[PDB]
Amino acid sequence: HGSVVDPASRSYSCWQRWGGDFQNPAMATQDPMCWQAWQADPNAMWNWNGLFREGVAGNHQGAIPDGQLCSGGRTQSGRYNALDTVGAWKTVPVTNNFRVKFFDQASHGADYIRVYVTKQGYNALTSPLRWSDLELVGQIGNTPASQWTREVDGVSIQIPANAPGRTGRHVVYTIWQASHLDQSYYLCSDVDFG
C-alpha cells in the first residue's frame, strides 16, 4: 500500500492538498479536477494507498484499456474512475532528468517499478491517456523492502528517470509490481517539464 508521492500521483495530490478541506466549495474553481474526483468518490483520495489490481500476471497492457490507465483499469469497482477524466490537473515542476519517490507503508518490496512519461505532442488537457503515448524512461528491478529507505510509517525509494525533449505539461505513469502477492499499482502523476 503506497503511491508515488513526488511528483505526487493524482490521488495523492488531491488528498495532500485538499484532504484537510475536502468540502471547500472554492475547489470547484481552484482545482476542478480534484473537485470532480472528490464529488464522485472521496475514497479515491482517502484510499490513495490502494490503487491496485491483483492477478494481472504481468500483462498490464492487457488488463488496462486506453483511457483507463489512471484508474488502473477501473479497478476495485470503479473507486478511482474519476482519475481518468481529461482536464487541467494540477502539475508540479520537474526537469528532464528527474526522480520518482515511491512510498510504501507496508514494506512489500518490488519485483520491479517502471516509470513512463508521455511523448512530446501528447495533450493531457484534451486527450485520454493511451499506452502508445508513453515511453519507458526509468526502471528498477527486484528490490526487497530491506533495501528501501526507512521512513516514518513505511519505506521509500527513488527511481531515476530521463525524459529527453519534453517541455510543458506531461503525465508520468508509474507501475509498481509488489513482491508479496501478484498485486500491481498504477500511478499517474501530472508534471510540467518547464
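Numbers follow the displayed sequence, beginning with 1.
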- Please work out which of 149 to 157 and 36 to 44 has the higher mean CA B-factor as recorded in the PDB entry. 149 to 157
- Per the PDB entry, mean CA B-factor is higher for 165 to 173 or 24 to 32, namely for 24 to 32
- Message: So if I compare the CA B-factors in the entry for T118, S77, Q105, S71, which one is the largest?
- Response: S77
- Chain-wide C-alpha B factor ranking for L134, given as lowest, middle or highest third: lowest
- Task: Quick one: classify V92 as lowest, middle or highest third of the chain based on its Cα B-factor.
- Result: middle
- Note on the structure: Chain thirds by Cα B factor, record data; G2 belongs to the middle
